[PDB]
Amino acid sequence: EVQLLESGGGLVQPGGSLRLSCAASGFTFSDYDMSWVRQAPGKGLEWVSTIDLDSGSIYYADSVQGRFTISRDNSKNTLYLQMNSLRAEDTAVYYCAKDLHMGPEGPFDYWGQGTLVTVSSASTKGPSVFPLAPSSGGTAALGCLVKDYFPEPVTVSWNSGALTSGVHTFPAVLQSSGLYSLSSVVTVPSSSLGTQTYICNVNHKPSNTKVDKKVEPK
Amino acid sequence: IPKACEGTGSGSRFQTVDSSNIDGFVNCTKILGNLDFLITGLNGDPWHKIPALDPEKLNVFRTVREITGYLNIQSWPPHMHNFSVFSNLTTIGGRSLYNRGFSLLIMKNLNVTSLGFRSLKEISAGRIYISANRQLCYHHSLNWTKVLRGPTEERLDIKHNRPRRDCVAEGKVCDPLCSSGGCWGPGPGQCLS
Amino acid sequence: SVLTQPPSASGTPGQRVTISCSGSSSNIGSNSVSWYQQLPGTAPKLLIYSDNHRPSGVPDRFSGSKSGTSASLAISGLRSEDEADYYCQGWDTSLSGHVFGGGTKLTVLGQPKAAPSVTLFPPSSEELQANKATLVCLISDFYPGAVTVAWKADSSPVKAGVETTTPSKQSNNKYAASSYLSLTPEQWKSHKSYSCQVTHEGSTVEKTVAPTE
Ligand SMILES: *[C@@H]1O[C@H](CO)[C@@H](O)[C@H](O)[C@H]1NC(C)=O
Ligand SMILES: *[C@@H]1O[C@H](CO)[C@@H](O)[C@H](O)[C@H]1NC(C)=O
Ligand SMILES: *[C@@H]1O[C@H](CO)[C@@H](O)[C@H](O)[C@H]1NC(C)=O
């Protein structure tokens with residue numbers, strides 16, 4: 001089965017550089033024109049570049065022309081985006097795309113999950129994690145506040161992935177400071193409190209921050 | 001009696017010429033849309049279980065003079081060494097295009113030794129793709145600017161065919177009577193103009 | 001990347017919705033249109049290519065048509081699972097590049113209206129002891145999506161210092177949203193009460209919390 005895994009994204013300073021990698025499996029890499037499409041948070045699709053199966057034709061968007069280089073290594077099943085002179089507005093999720101060379105089905109018959117590129121003068125900041133204690137016709141709400149982080153993303157689980165009913169993790173807020181905050185709430189039964197232990201697992205991989213926080217009744 | 005008929009590919013029910021639909025092209029002079037020759041059309045489509053085309057039924061296209069859209073040939077009968085069934089095609093319009101901007105696309109036909117587009121006088125728009133035809137000759141000298149009615153630049157993707165030196169060495173070049181505009185194949189009836 | 005699309009389209013289960021895509025002769029007037037579905041958090045998937053053809057594995061309720069420089073995507077037999085953003089795309093001869101549309105947010109309706117659940121969380125003790133404070137208003141299980149969020153200290157309005165998320169889908173296919181009032185511990189001790197007010201389809205739900213308890 002086909003698979004495209006992107007990698008190499010992260011936080012980087014304007015005017016800096018990064019190299020994105022797309023590792024391909026589940027098809028003959030050499031038969032496919034590969035492309036890069038990006039998406040700013042909460043915004044539309046933007047095609048970046050396309051290279052053909054043999055690096056014989058290469059196309060770019062005017063916006064990146066002279067700053068990004070696409071390349072490929074068919075022997076390694078790897079697409080490349082060398083990104084130089086990065087601008088804040090290059091902040092985006094970068095998707096890797098494939099379509100059979102001169103096939104009918106395309107362009108971009110398959111996309112990977114994307115790698116996130118953040119371009120900012122701001123430095124890394126791990127989050128403060130804080131319990132949201134319940135009180136408890138009523139049910140009970142409880143959760144975790146993930147305060148003041150940069151850059152994205154943060155994942156949150158409950159009791160190492162055991163608990164998933166009633167859980168909701170919110171998209172983050174961008175505060176005036178340039179930091180991010182979000183919340184993961186779990187709605188639980190009225191009588192569930194005081195017995196069942198609830199721990200949110202907060203993971204901010206950019207800063208290597210891992211926090212488990214037990215949320216107890218007030 | 002000029003007769004226009006609908007083609008394949010984009011904007012059409014049919015994605016490729018195949019046995020199911022080939023007889024719909026009988027006596028067409030103008031194609032409204034495109035012609036596509038995919039591998040599934042020529043050898044058989046397993047998902048609709050369509051039979052492999054009869055190579056002699058490709059002779060229907062000798063009546064074609066105009067193709068409004070694009071020509072996309074990606075599979076051809078191994079014993080048909082040129083596209084002489086399109087000897088009467090004069091105009092490719094490229095009102096609709098294939099992939100990233102092409103009106104003409106001849107690809108990976110291991111057995112075609114010349115093109116044979118004898119009547120071809122105009123490609124009104126689009127880019128030209130001729131690649132991986134490992135045996136193709138006579139196209140090296142051809143004056144695409146004549147046919148494209150415009151600058152050749154940023155319109156040619158002509159790679160990886162038979163190497164020019166190899167064609168020259170085996171005498172697979174234009175007849176001396178042909179212009180410097182070139183030929184579509186061997187001998188004097190094949191000159192571009 | 002200037003293909004014109006409607007920002008938004010809606011329908012109820014089993015309806016037929018159309019999303020239009022306007023371009024130019026150099027892009028979708030010449031070259032083919034493709035269409036993509038992107039569900040939230042996920043990678044786009046090709047839906048329609050070369051104006052009207054569907055990948056195998058793409059159901060035939062999705063259909064595409066084109067005439068001149070305007071293209072239409074149709075979703076007959078609308079489903080809850082079709083709620084997504086939709087992008088048209090075209091190669092542009094003039095640019096030697098691909099040109100995407102802005103995207104259309106497709107919403108699937110038909111569900112009963114449901115009023116929002118609201119839980120307002122005071123600053124935690126942990127947070128307070130680190131000399132900071134946040135009120136966390138959590139808004140749950142409403143339909144349809146839109147809400148408006150107002151804050152009050154001691155009945156007077158608080159506007160600056162407020163940050164609110166766009167509503168997004170819950171596991172149970174209802175909406176949730178979040179809003180935050182940031183506060184210094186001094187201004188948290190100093191007022192008698194703080195309030196979070198959520199207006200959903202014209203009707204406000206309020207929740208209130210007190211530093212004293
Ligand atoms: C070209 O078309 C004419 C009819 O217009 C036909 O008689 C002739 O045989 C065709 N030539 C070729 C080489 O197909
Ligand atoms: C076409 O080239 C093939 C190589 O795949 C070769 O076997 C054969 O000689 C050619 N076929 C014909 C019909 O000449
Ligand atoms: C075209 O190919 C056939 C065999 O497929 C051959 O007999 C004929 O001579 C070729 N035509 C030209 C003009 O070379």
# chains A, B, ... in the order shown; residues from 1 in each chain; ligands from 1

$ residues_near_ligand --ligand "ligand 1" --cutoff "6 Å" --atoms "only C-alpha atoms and all ligand atoms" --output "MDAnalysis selection string"
chainID B and resid 62:63 85 87:88

$ residues_near_ligand --ligand "ligand 3" --cutoff "7 Å" --atoms "only C-alpha atoms and all ligand atoms" --output "list in words"
residues 79, 80, 81, 82, 84, 114, 116, 185, 186 and 190 of chain B

$ write_last_selection --atoms "N, CA and C atoms" --output "mmCIF file, in the first residue's frame"
data_model
loop_
_atom_site.group_PDB
_atom_site.id
_atom_site.type_symbol
_atom_site.label_atom_id
_atom_site.label_comp_id
_atom_site.auth_asym_id
_atom_site.auth_seq_id
_atom_site.Cartn_x
_atom_site.Cartn_y
_atom_site.Cartn_z
ATOM 1 N N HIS B 79 3.308 -3.741 -33.914
ATOM 2 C CA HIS B 79 3.700 -3.866 -35.312
ATOM 3 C C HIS B 79 3.301 -2.658 -36.151
ATOM 4 N N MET B 80 2.777 -1.602 -35.534
ATOM 5 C CA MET B 80 2.477 -0.364 -36.246
ATOM 6 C C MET B 80 3.572 0.633 -35.900
ATOM 7 N N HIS B 81 4.469 0.894 -36.857
ATOM 8 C CA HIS B 81 5.750 1.550 -36.576
ATOM 9 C C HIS B 81 5.693 3.058 -36.733
ATOM 10 N N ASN B 82 4.501 3.596 -36.922
ATOM 11 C CA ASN B 82 4.309 5.020 -37.093
ATOM 12 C C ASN B 82 2.827 5.257 -36.877
ATOM 13 N N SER B 84 0.512 6.286 -38.927
ATOM 14 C CA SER B 84 0.017 6.618 -40.255
ATOM 15 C C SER B 84 -1.503 6.608 -40.331
ATOM 16 N N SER B 114 8.917 6.151 -36.729
ATOM 17 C CA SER B 114 8.709 7.525 -37.161
ATOM 18 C C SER B 114 7.319 7.948 -36.711
ATOM 19 N N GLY B 116 4.958 10.085 -38.707
ATOM 20 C CA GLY B 116 4.022 9.967 -39.811
ATOM 21 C C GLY B 116 2.867 10.947 -39.824
ATOM 22 N N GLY B 185 9.166 11.210 -41.263
ATOM 23 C CA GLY B 185 9.544 9.860 -41.564
ATOM 24 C C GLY B 185 10.394 9.814 -42.799
ATOM 25 N N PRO B 186 10.639 8.601 -43.303
ATOM 26 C CA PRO B 186 11.559 8.407 -44.437
ATOM 27 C C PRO B 186 10.883 8.686 -45.770
ATOM 28 N N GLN B 190 6.995 12.400 -46.880
ATOM 29 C CA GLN B 190 6.976 12.623 -45.443
ATOM 30 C C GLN B 190 7.511 13.993 -45.039
#

$ interface_residues --of "chain C" --to "chain B" --cutoff "9 Å" --atoms "only C-alpha atoms" --output "number ranges by chain"
C: 28-33, 49-53, 64-67, 90-93, 96-98

$ write_last_selection --atoms "N, CA and C atoms" --output "compact mmCIF listing (two decimals), in the first residue's frame"
# COMPACT_ATOMS: atom_id res chain seq x y z
N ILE C 28 -8.10 26.88 -15.97
CA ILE C 28 -9.08 25.80 -16.16
C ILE C 28 -9.87 25.92 -17.45
N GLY C 29 -9.80 27.05 -18.17
CA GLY C 29 -10.32 27.08 -19.54
C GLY C 29 -9.57 26.18 -20.51
N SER C 30 -8.26 26.01 -20.31
CA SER C 30 -7.45 25.11 -21.13
C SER C 30 -7.24 23.77 -20.43
N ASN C 31 -6.55 23.80 -19.31
CA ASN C 31 -6.16 22.61 -18.58
C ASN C 31 -7.34 22.04 -17.82
N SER C 32 -7.16 20.82 -17.33
CA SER C 32 -8.22 20.12 -16.65
C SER C 32 -8.36 20.63 -15.21
N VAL C 33 -9.54 20.38 -14.64
CA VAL C 33 -9.77 20.69 -13.24
C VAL C 33 -9.66 19.40 -12.45
N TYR C 49 -10.69 14.21 -11.19
CA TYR C 49 -9.59 14.67 -12.03
C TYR C 49 -10.09 14.77 -13.46
N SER C 50 -9.32 15.48 -14.30
CA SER C 50 -9.66 15.73 -15.71
C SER C 50 -11.13 16.08 -15.89
N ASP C 51 -11.58 17.09 -15.14
CA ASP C 51 -12.93 17.66 -15.24
C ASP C 51 -14.05 16.77 -14.68
N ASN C 52 -14.17 15.50 -15.09
CA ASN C 52 -15.29 14.67 -14.65
C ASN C 52 -14.98 13.25 -14.18
N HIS C 53 -13.72 12.83 -14.12
CA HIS C 53 -13.45 11.44 -13.76
C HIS C 53 -13.07 11.27 -12.29
N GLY C 64 -18.16 15.74 -11.49
CA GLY C 64 -17.56 16.99 -11.90
C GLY C 64 -17.95 17.34 -13.32
N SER C 65 -18.08 18.64 -13.56
CA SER C 65 -18.42 19.13 -14.88
C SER C 65 -17.73 20.47 -15.09
N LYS C 66 -17.55 20.81 -16.37
CA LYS C 66 -16.85 22.03 -16.71
C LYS C 66 -17.35 22.55 -18.04
N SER C 67 -17.40 23.88 -18.16
CA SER C 67 -17.79 24.57 -19.38
C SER C 67 -17.13 25.94 -19.36
N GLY C 90 -6.09 23.72 -10.90
CA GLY C 90 -5.77 23.68 -12.32
C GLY C 90 -4.34 24.05 -12.66
N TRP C 91 -3.76 23.33 -13.61
CA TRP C 91 -2.49 23.75 -14.18
C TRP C 91 -2.70 25.07 -14.93
N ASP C 92 -1.75 25.99 -14.83
CA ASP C 92 -1.86 27.28 -15.52
C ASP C 92 -0.72 27.41 -16.53
N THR C 93 -1.07 27.34 -17.82
CA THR C 93 -0.12 27.50 -18.93
C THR C 93 0.73 28.76 -18.77
N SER C 96 3.30 28.14 -15.67
CA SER C 96 4.02 26.89 -15.52
C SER C 96 3.93 26.40 -14.07
N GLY C 97 2.71 26.42 -13.53
CA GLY C 97 2.48 26.00 -12.16
C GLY C 97 1.03 25.69 -11.88
N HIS C 98 0.80 24.99 -10.77
CA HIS C 98 -0.56 24.67 -10.35
C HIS C 98 -1.16 25.82 -9.54

$ interface_residues --of "chain A" --to "chain C" --cutoff "9 Å" --atoms "only C-alpha atoms" --output "ChimeraX atom specification"
/A:43-50,59-62,95,104-114,128-134,141-142,145,165-176,182-183,185

$ residues_near_ligand --ligand "ligand 2" --cutoff "6 Å" --atoms "only C-alpha atoms and all ligand atoms" --output "PyMOL selection string"
chain B and resi 78-79+110-111

$ atom_distance --atom1 "CA of residue 134 in chain B" --atom2 "CA of residue 79 in chain A"
27.1 Å

$ atom_distance --atom1 "CA of residue 117 in chain A" --atom2 "CA of residue 157 in chain A"
23.8 Å

$ closest_residue --among "B:92, B:71, B:31, B:105" --to "chain A" --atoms "only C-alpha atoms"
B:105

$ atom_distance --atom1 "CA of residue 187 in chain B" --atom2 "CA of residue 167 in chain B"
14.5 Å

$ select_by_dssp --residues "range 29-206 of chain A" --states "helix (DSSP H, G or I)" --output "ChimeraX atom specification"
/A:29-31,74-76,88-90,190-192,205-206

$ select_by_dssp --residues "range 1-100 of chain B" --states "strand (DSSP E)" --output "list in words"
residues 4, 5, 6, 30, 31, 32, 35, 36, 37, 66, 67, 71, 72, 73, 91 and 92 of chain B

$ closest_residue --among "A:135, A:57, A:201, A:123" --to "chain B" --atoms "only C-alpha atoms"
A:57

$ residues_around --residues "residue 28 in chain A" --least-positions-apart "5" --cutoff "10 Å" --atoms "only C-alpha atoms" --output "MDAnalysis selection string"
chainID A and resid 2 74 77 100

$ decode --residues "range 107-127 of chain B" --atoms "N, CA, C and O atoms" --output "PDB file, in the first residue's frame"
ATOM      1  N   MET B 107       4.257   8.902 -25.917  1.00  0.00           N
ATOM      2  CA  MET B 107       5.034   8.480 -24.772  1.00  0.00           C
ATOM      3  C   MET B 107       5.228   6.979 -24.722  1.00  0.00           C
ATOM      4  O   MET B 107       4.256   6.224 -24.784  1.00  0.00           O
ATOM      5  N   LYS B 108       6.488   6.561 -24.582  1.00  0.00           N
ATOM      6  CA  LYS B 108       6.817   5.180 -24.239  1.00  0.00           C
ATOM      7  C   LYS B 108       6.279   4.188 -25.262  1.00  0.00           C
ATOM      8  O   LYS B 108       5.841   3.092 -24.915  1.00  0.00           O
ATOM      9  N   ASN B 109       6.314   4.562 -26.528  1.00  0.00           N
ATOM     10  CA  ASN B 109       5.938   3.648 -27.605  1.00  0.00           C
ATOM     11  C   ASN B 109       7.224   3.041 -28.165  1.00  0.00           C
ATOM     12  O   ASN B 109       7.830   3.549 -29.114  1.00  0.00           O
ATOM     13  N   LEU B 110       7.628   1.925 -27.552  1.00  0.00           N
ATOM     14  CA  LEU B 110       8.895   1.258 -27.829  1.00  0.00           C
ATOM     15  C   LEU B 110       9.068   0.850 -29.282  1.00  0.00           C
ATOM     16  O   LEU B 110      10.181   0.483 -29.673  1.00  0.00           O
ATOM     17  N   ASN B 111       8.020   0.910 -30.092  1.00  0.00           N
ATOM     18  CA  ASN B 111       8.045   0.306 -31.412  1.00  0.00           C
ATOM     19  C   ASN B 111       7.822   1.288 -32.551  1.00  0.00           C
ATOM     20  O   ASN B 111       7.926   0.892 -33.719  1.00  0.00           O
ATOM     21  N   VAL B 112       7.543   2.550 -32.249  1.00  0.00           N
ATOM     22  CA  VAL B 112       7.328   3.567 -33.269  1.00  0.00           C
ATOM     23  C   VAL B 112       8.689   4.072 -33.772  1.00  0.00           C
ATOM     24  O   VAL B 112       9.528   4.536 -32.993  1.00  0.00           O
ATOM     25  N   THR B 113       8.932   3.942 -35.082  1.00  0.00           N
ATOM     26  CA  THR B 113      10.204   4.378 -35.635  1.00  0.00           C
ATOM     27  C   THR B 113      10.117   5.712 -36.361  1.00  0.00           C
ATOM     28  O   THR B 113      11.148   6.366 -36.545  1.00  0.00           O
ATOM     29  N   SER B 114       8.917   6.151 -36.729  1.00  0.00           N
ATOM     30  CA  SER B 114       8.709   7.525 -37.161  1.00  0.00           C
ATOM     31  C   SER B 114       7.319   7.948 -36.711  1.00  0.00           C
ATOM     32  O   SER B 114       6.509   7.125 -36.296  1.00  0.00           O
ATOM     33  N   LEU B 115       7.041   9.244 -36.814  1.00  0.00           N
ATOM     34  CA  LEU B 115       5.736   9.756 -36.404  1.00  0.00           C
ATOM     35  C   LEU B 115       4.679   9.588 -37.504  1.00  0.00           C
ATOM     36  O   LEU B 115       3.593   9.041 -37.259  1.00  0.00           O
ATOM     37  N   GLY B 116       4.958  10.085 -38.707  1.00  0.00           N
ATOM     38  CA  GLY B 116       4.022   9.967 -39.811  1.00  0.00           C
ATOM     39  C   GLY B 116       2.867  10.947 -39.824  1.00  0.00           C
ATOM     40  O   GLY B 116       1.878  10.708 -40.520  1.00  0.00           O
ATOM     41  N   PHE B 117       2.951  12.053 -39.087  1.00  0.00           N
ATOM     42  CA  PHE B 117       1.890  13.066 -39.084  1.00  0.00           C
ATOM     43  C   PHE B 117       2.001  13.938 -40.337  1.00  0.00           C
ATOM     44  O   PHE B 117       2.221  15.148 -40.280  1.00  0.00           O
ATOM     45  N   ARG B 118       1.818  13.290 -41.494  1.00  0.00           N
ATOM     46  CA  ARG B 118       2.196  13.886 -42.779  1.00  0.00           C
ATOM     47  C   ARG B 118       1.473  15.204 -43.046  1.00  0.00           C
ATOM     48  O   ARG B 118       2.089  16.170 -43.515  1.00  0.00           O
ATOM     49  N   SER B 119       0.166  15.260 -42.761  1.00  0.00           N
ATOM     50  CA  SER B 119      -0.646  16.439 -43.050  1.00  0.00           C
ATOM     51  C   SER B 119      -0.561  17.504 -41.976  1.00  0.00           C
ATOM     52  O   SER B 119      -1.109  18.592 -42.174  1.00  0.00           O
ATOM     53  N   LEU B 120       0.121  17.227 -40.869  1.00  0.00           N
ATOM     54  CA  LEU B 120       0.077  18.094 -39.701  1.00  0.00           C
ATOM     55  C   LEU B 120       0.678  19.466 -39.984  1.00  0.00           C
ATOM     56  O   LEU B 120       1.882  19.601 -40.221  1.00  0.00           O
ATOM     57  N   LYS B 121      -0.166  20.489 -39.961  1.00  0.00           N
ATOM     58  CA  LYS B 121       0.266  21.847 -40.223  1.00  0.00           C
ATOM     59  C   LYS B 121       0.138  22.785 -39.034  1.00  0.00           C
ATOM     60  O   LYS B 121       0.747  23.849 -39.071  1.00  0.00           O
ATOM     61  N   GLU B 122      -0.633  22.454 -37.996  1.00  0.00           N
ATOM     62  CA  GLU B 122      -0.816  23.424 -36.913  1.00  0.00           C
ATOM     63  C   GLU B 122      -1.170  22.749 -35.596  1.00  0.00           C
ATOM     64  O   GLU B 122      -2.095  21.931 -35.554  1.00  0.00           O
ATOM     65  N   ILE B 123      -0.455  23.129 -34.529  1.00  0.00           N
ATOM     66  CA  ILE B 123      -0.829  22.861 -33.138  1.00  0.00           C
ATOM     67  C   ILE B 123      -1.101  24.211 -32.473  1.00  0.00           C
ATOM     68  O   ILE B 123      -0.165  24.948 -32.139  1.00  0.00           O
ATOM     69  N   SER B 124      -2.383  24.544 -32.281  1.00  0.00           N
ATOM     70  CA  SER B 124      -2.775  25.928 -31.992  1.00  0.00           C
ATOM     71  C   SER B 124      -2.460  26.387 -30.572  1.00  0.00           C
ATOM     72  O   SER B 124      -2.524  27.591 -30.300  1.00  0.00           O
ATOM     73  N   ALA B 125      -2.118  25.470 -29.673  1.00  0.00           N
ATOM     74  CA  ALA B 125      -1.834  25.791 -28.280  1.00  0.00           C
ATOM     75  C   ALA B 125      -1.317  24.534 -27.610  1.00  0.00           C
ATOM     76  O   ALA B 125      -1.515  23.422 -28.106  1.00  0.00           O
ATOM     77  N   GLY B 126      -0.657  24.720 -26.477  1.00  0.00           N
ATOM     78  CA  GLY B 126      -0.177  23.605 -25.691  1.00  0.00           C
ATOM     79  C   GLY B 126       1.299  23.311 -25.922  1.00  0.00           C
ATOM     80  O   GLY B 126       1.957  23.842 -26.825  1.00  0.00           O
ATOM     81  N   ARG B 127       1.810  22.455 -25.050  1.00  0.00           N
ATOM     82  CA  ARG B 127       3.180  21.985 -25.057  1.00  0.00           C
ATOM     83  C   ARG B 127       3.229  20.608 -25.713  1.00  0.00           C
ATOM     84  O   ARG B 127       2.225  19.898 -25.802  1.00  0.00           O
TER      85      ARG B 127
END
